[PDB]
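Trainee: quick one, what's the 3D model for this:
(2 chains)
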Protein chains: 2
Amino acid sequence: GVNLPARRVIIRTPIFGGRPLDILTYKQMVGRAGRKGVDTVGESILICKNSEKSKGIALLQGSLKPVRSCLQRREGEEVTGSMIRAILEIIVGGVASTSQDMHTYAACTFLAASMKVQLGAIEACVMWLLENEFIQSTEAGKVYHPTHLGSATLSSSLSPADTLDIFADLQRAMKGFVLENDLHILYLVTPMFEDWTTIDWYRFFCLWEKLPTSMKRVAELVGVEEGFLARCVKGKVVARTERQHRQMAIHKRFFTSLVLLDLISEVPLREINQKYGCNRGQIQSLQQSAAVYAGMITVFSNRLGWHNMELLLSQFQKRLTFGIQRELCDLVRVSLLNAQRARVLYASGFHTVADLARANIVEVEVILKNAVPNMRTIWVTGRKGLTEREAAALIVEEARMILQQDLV
Amino acid sequence: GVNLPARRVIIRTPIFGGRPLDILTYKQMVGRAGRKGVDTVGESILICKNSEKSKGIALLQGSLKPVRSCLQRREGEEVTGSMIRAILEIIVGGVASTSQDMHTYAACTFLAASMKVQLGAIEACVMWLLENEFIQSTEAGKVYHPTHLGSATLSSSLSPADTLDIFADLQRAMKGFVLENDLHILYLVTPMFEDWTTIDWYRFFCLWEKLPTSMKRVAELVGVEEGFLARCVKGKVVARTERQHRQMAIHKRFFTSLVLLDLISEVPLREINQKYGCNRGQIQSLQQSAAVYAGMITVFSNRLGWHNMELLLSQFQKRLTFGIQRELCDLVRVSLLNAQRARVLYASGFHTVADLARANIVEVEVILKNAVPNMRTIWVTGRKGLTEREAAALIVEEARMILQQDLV
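Mentor: Numbers count the residues shown, from 1 in each chain, chains lettered A, B, ... in the order given. Here you go, the structure:
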């Protein structure tokens, strides 16, 4: 993640996560030994048990694997999502219009450069995009053009195998959308689960009893079922079939949307932790991936022309990223303001960036000095810590500059 | 309406609409005789049959009735909508806090000045509000405060008696809103019928067959009934009871929303006339009253805090006023552009007002000169007719001024 120099790098065991340590990770770990321009030498100690020792020596003497890219379809695969995405991007973008061009493109891949089957993989990917009509075939050979369902995947950056599920889910929402709360909007922008946390199903079912009626109404629409939650409480649930994989994913996705609903209502991370069991960094790493996904789904609906969906969803990318009520969404345009600092300026009465740009800097200082509880009390992710006087002056001047940029 | 002077005002019959002419109307008619500074005398001829001569004399010699206002509750009335609004509008505004103030306010009323029963009429209106939680009561006498439902009825200028149906309809929509098209929104912003036209029920039922499935899914939600339309086709239908009055109103309101949906999608008035039977001026007078009502429902939902409703509804006031697609809503900010002129500039490629301010005036001239089909070809409601060269120059300079005003 970050370059930190250290003199002594200790690795407590050659085994990580129940696996032997990856040589790439080990060389990244050990490569941080030695404080540049301060140490005479760097030191690393792999602490190793007598039973581990053969693995430990393998880490010291081993060297990185050659690169081999995902465009190789494995045994029993006729297509790969990276290749499908590749063929989509060139057809829908229009830079490869014909099968003669698609072979000419594929010869530029690192797969071709590594081989220097692929001519079959191209055709199999074309066939998948065609049968679902991400692309359409016209007679010249064949000339392939996108549909609206194709062009939307390229603009959204959504994976097209997921796009069939996203597309049908959004249509089924529009057939009957619960505007009564933001939970139905949230559910559609929740990511696929990807094990962002270990769900405590006995907590989740005991929340489901308390869950507001207008949120259980969403749950029945999206497909949650309280008998299956009780079956998760009763014991281990396993999915053998793609039907069962989809059935289970809905409940994990709904639990995620409840965490986000607390997150976009400024519920403190300590209270979310106590209520759902999540760690702070799990909630924040969920928050980033949901905010990214909320962007994709907006552009996807806009390209299709679901104008009433893009109105609702567009607010949520910013609103998820900071995790704020609807009113703070203006203030946060000042990058010095997080949800905490925006709420204290909003609480005082600086409801909008234009009013904040008018503000007397001494008043912003006194608001921050009082509301937050020298010594660089405030942290700004692009800076070292700031004093109240310095942060307030930079806030006002940044708000004015935003007006200057917005008017220009 | 607009003052037109004429030398002879001829009135073809003393009977209008099957009724004797109103003396206020007759004196408004005859008062237009005589072209100021041109005629020596004005003339009016009431043409009258031998059977009507007694009515003719009654109009000719009659004089206007004394004015008498609606705050007099009739026999069998506990309260009047005007008095309920009056008593609300002072309580929710805080200008009359207690019953001592409400009797003091009533003494300022033209009702009191005309009488110079009402002290009971105030209490009956207070009681109707209180029981519905438009307002709430506290121990001092009593001190009355508005609820959110009362403050919404004030701010939106809606009537209090209709608000209970608007409120419960909007709630029932939010329990399950069809975003699949703009019709479910249009059903909520369309006014009550008020005899804006006479429905051709055999025509309407033949449309109800063709009606798109996503527009019949709305219809089942709002409460339209395929059997009741057939019952209107079968023969005359009447309502003896309020439960029957609203049942008929739902179908009249749905028919109105279909006319608006065609208008909202720029279907020409001649094609709407052929399709629905409306006159041009019936659509345009519906259009203006639907654009007023769309504003009220936005403010009502905003005050209650139905933020997801106010997002959807707010666009429709401008769309209804002009009868435009979503993309023209920016261009239309130029008051010289109607839906027709906005469509020809949007077709040429001036999608947004900033590009219209950049446009070369000679290019806008050539676009108007070509796209519309000297002699003041173009009509501007605030002006006499304009030449292509003059209208185009005024459009570009108005677009620039709109930027100057928006930046300032």
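
Trainee: what's the helix or strand for whichever residue of the stretch 301-408 of chain A sits closest to chain B?
Mentor: With Cβ to the nearest Cβ, the shortest gap between the stretch 301-408 of chain A and chain B falls at residue A:308, namely 4.3 Å. In short, each C-beta sits where N, CA and C put it, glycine included. Taking DSSP states H and E as the definition, residue A:308 sits inside helix A:307-322.

Trainee: how about that helix, which residues are buried there?
Mentor: Of all the residues in helix A:307-322, those buried under the rule 16 or more other Cβ atoms under 10 Å in any protein chain shown are A:307-322.

Trainee: quick check: angle from that helix to helix B:307-322?
Mentor: Interaxial angle of helix A:307-322 relative to helix B:307-322 (axes from the mean of the first three to the mean of the last three Cα atoms, to 10 degrees): 140 degrees.

Trainee: so what does helix A:307-322 touch, helix or strand wise?
Mentor: Contacts defined by 3 or more Cβ pairs under 8 Å, 6 or more residues apart in numbering or on different chains; DSSP states H and E place helix A:307-322 against helix A:160-174, helix A:183-189, helix A:280-304, helix A:328-331, helix B:307-322.

Trainee: taking these together, which one is wrapped up most tightly?
Mentor: helix A:183-189 (a mean of 24; mean count of other Cβ atoms under 10 Å in any protein chain shown).

Trainee: that helix: what's the following helix or strand?
Mentor: Using DSSP H and E, the helix or strand that directly follows helix A:183-189 along the chain is helix A:201-210.

Trainee: what does that following helix contact?
Mentor: Defining contact as Cβ atoms under 8 Å, 6 or more residues apart in numbering or on different chains, one finds that helix A:201-210 is touched by A:216, A:219, A:226, A:229-230, A:232-233, A:251, A:255, A:258, A:275-277.

Trainee: hang on, residue A:339 packs against residue A:327?
Mentor: No - shown here, residue A:339 and residue A:327 do not form a contact pair, counting by Cβ atoms under 8 Å, at 11.4 Å.

Trainee: ok, those two, which is more surrounded?
Mentor: Legend: neighbour count by other Cβ atoms under 10 Å in any protein chain shown for residue A:339 and residue A:327, higher for residue A:339 (17 against 12).

Trainee: and that one, how far is that from residue B:385?
Mentor: 57 Å (Cβ to Cβ, to the nearest Å).

Trainee: hang on, the earlier thing: just put the helices and strands packed on helix A:307-322 in CSV and tack on distance to residue B:292.
Mentor: Shown next, in CSV, are those (distance: least, Cβ to Cβ, whole Å):
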stretch, distance to residue B:292
helix A:160-174, 29
helix A:183-189, 30
helix A:280-304, 30
helix A:328-331, 29
helix B:307-322, 8
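
Trainee: thinking again about what came up before, helix A:280-304 and the helix holding residue A:308, what's the angle between them?
Mentor: Angle, helix A:307-322 to helix A:280-304, by the same axes, to 10 degrees: 160 degrees.

Trainee: tell me what angle helix A:307-322 forms with helix A:160-174.
Mentor: Counting by the same axes, to 10 degrees, helix A:307-322 lies at 110 degrees to helix A:160-174.

Trainee: for helix A:307-322, C-alpha coordinates in PDB please.
Mentor: What follows is helix A:307-322, C-alpha atoms only, in PDB (Å, rounded to 0.1, in the frame of the first residue of the first chain):
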ATOM      1  CA  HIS A 307     -34.300   9.000 -17.100                       C
ATOM      2  CA  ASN A 308     -36.400   8.600 -13.900                       C
ATOM      3  CA  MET A 309     -33.800   6.100 -12.600                       C
ATOM      4  CA  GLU A 310     -30.800   8.400 -13.300                       C
ATOM      5  CA  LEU A 311     -32.400  11.200 -11.400                       C
ATOM      6  CA  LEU A 312     -32.700   9.200  -8.200                       C
ATOM      7  CA  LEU A 313     -29.400   7.300  -8.500                       C
ATOM      8  CA  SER A 314     -27.100  10.300  -9.400                       C
ATOM      9  CA  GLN A 315     -27.300  11.800  -5.900                       C
ATOM     10  CA  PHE A 316     -26.000   8.600  -4.300                       C
ATOM     11  CA  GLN A 317     -22.400   8.600  -5.700                       C
ATOM     12  CA  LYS A 318     -21.500  11.700  -3.800                       C
ATOM     13  CA  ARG A 319     -23.800  10.900  -0.900                       C
ATOM     14  CA  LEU A 320     -22.300   7.400  -0.500                       C
ATOM     15  CA  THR A 321     -18.700   8.600  -1.000                       C
ATOM     16  CA  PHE A 322     -18.800  11.000   2.000                       C
END
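
Trainee: show residues contacting that helix.
Mentor: Helix A:307-322 has contacts (Cβ under 8 Å, 6+ apart) with A:170, A:173-174, A:185-186, A:188-189, A:260, A:263-264, A:287-288, A:290-291, A:294-295, A:297-298, A:301-302, A:324-326, A:328-329, A:332, A:338-339, A:342, B:179, B:182, B:185, B:308, B:311-312, B:315, B:326.
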